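Student: What follows is a single structure, and I will ask about it in a moment.
Cβ sites come from the backbone with ideal geometry, for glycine too, and all protein chains shown count toward neighbours. Only the coordinates and a few stated rules stand behind these numbers; no lab work does.
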Amino acid sequence: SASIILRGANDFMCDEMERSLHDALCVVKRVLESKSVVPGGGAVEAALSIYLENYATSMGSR
Amino acid sequence: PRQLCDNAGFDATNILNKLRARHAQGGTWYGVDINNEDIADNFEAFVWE
């Protein structure tokens, strides 16, 4: 375990930084947990669109 | 090439699909045969324009 104390300037400034670390922590966490990940942001659907379209011509039979 | 199959009474879907996959193998002269229903070579059949 661990602990992180945030010494900031104003309450409005440090409050947003509190949930900002917890949000980014789960991002790094979830990647390093399921151990095999894949690039997101639409990179999966774009690559499958090109490969499966060339694979369609090698089959036939409707 | 699709209207040639419908005007000949053939099946346009089966011919066009098998013809499209045949051009992926490199043959550029293959086309629809109006007499027999099949994919044939129009260059060796001497259909020229």
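Student: I'd like to know if segment B:5-23 contains one or more residues that are more than 18 Å from A:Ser61 (Cα to Cα), within 10 Å of the chain's Cα centre (by Cα) and not hydroxyl-bearing (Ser, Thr, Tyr).
Tutor: no
Student: In segment A:4-28, how many residues are touching a helix residue (DSSP H, G or I) at 6+ places or on another chain (Cβ under 8 Å) and surrounded by 10 or more Cβ atoms within 10 Å (Cβ to Cβ)?
Tutor: 2
Student: From A:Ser49, A:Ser61, A:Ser1, A:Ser34, which residue is closer than 30 Å to B:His23 by Cα, exposed (fewer than 10 other Cβ atoms within 10 Å of the Cβ) and within 25 Å of the chain's Cα centre (by Cα)?
Tutor: Within the list A:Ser49, A:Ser61, A:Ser1, A:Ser34, the selection yields A:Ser49.
Student: Moving on to the next point. Give me the residue from segment B:1-39 that is acidic (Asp, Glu) and in a loop (DSSP other than H, G, I, E, B) and, out of that set, farthest from the other protein chains (Cβ to nearest Cβ).
Tutor: Filtering segment B:1-39 for residues that are acidic (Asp, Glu) and in a loop (DSSP other than H, G, I, E, B), the one farthest from the other protein chains (Cβ to nearest Cβ) comes out as B:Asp33.
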